[PDB]
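One structure below.
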Amino acid sequence: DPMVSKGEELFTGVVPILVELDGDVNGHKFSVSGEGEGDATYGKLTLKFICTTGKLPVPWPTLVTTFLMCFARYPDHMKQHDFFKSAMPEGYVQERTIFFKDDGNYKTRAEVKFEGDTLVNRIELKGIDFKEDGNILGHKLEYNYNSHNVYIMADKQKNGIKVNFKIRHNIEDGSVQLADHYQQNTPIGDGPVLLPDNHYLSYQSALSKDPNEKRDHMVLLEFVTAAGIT
């Protein structure tokens, strides 16, 4: 497939990644810089984020989904389903609203694209209507993360895709904070892009700390594989 080729070809090896986030949650302002690499052949991403403004005002787990679906491993049998890569290198806009149950919401807009050999994820985040002393602004979420399917469909009208999924964040009391994700991706460019049949990505994420790092930070390791189209 000569089309499913240019984009796909960009991910056959290890790709350097840069992530930049400008954040405002209930007027609490913050910036985050991320670096690492992705290897889509194995669905593997390795990232370190730093809050460059000081103390992050929300729990780092809450920002995992916001901080690279073009790095998912698509089985050869599902390569016609890979919207993310087919939009490269001109890239794609990923927008979300993330509804925290009985709390506030994030609204995000990201541009994901190549700048030379680096894959870059530039994000603006706004959060509103949070409780001061809720699970999020009041930092009650454990520093861990659960494995979750992510559901993908065509939005044949924005010439893009819609994505929905729920994240349950473990709270320090043994309970869970739900984060209900609604997502839309559209290509930046005018060229043909793959519009997939319904399928899902399986995600697993592992959070850690750099023992040598004194700034407020998160180390994230993610594995992601496309499925649900046997």
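What about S202, is it more than 26 Å from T52 (Cβ to Cβ) and not acidic (D, E)?
Considered against the rule, which asks whether it is more than 26 Å from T52 (Cβ to Cβ) and not acidic (D, E), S202 comes out as yes.
Among the strands (runs of 3 or more DSSP E) contained in segment 1-88, which hold 3 or more residues that are small (G, A, S)?
Ranges flagged: 28-39.
Does any residue of segment 135-143 turn out to be touching a strand residue (DSSP E or B) at 6+ places or on another chain (Cβ under 9 Å), at positive phi and surrounded by fewer than 20 Cβ atoms within 10 Å (Cβ to Cβ)?
Taking every residue of segment 135-143 in turn, none turns out to be touching a strand residue (DSSP E or B) at 6+ places or on another chain (Cβ under 9 Å), at positive phi and surrounded by fewer than 20 Cβ atoms within 10 Å (Cβ to Cβ).
What number of residues within segment 140-160 satisfy the criterion of being under 17 Å from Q177 (Cα atoms) and assigned to a loop (DSSP other than H, G, I, E, B)?
Counting residues in segment 140-160 that are under 17 Å from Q177 (Cα atoms) and assigned to a loop (DSSP other than H, G, I, E, B) gives 7.
Given the criteria assigned to a strand (DSSP E or B), touching a helix residue (DSSP H, G or I) at 6+ places or on another chain (Cβ under 8 Å), small (G, A, S) and over 19 Å from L47 (Cα atoms), does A179 qualify?
Spelling it out, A179 is indeed assigned to a strand (DSSP E or B), touching a helix residue (DSSP H, G or I) at 6+ places or on another chain (Cβ under 8 Å), small (G, A, S) and over 19 Å from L47 (Cα atoms).
Every residue, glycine as well, gets a Cβ built from its backbone with ideal geometry; the counts of neighbours run over all protein chains shown. Read-outs: derived from the displayed coordinates by stated rules, not from any lab.
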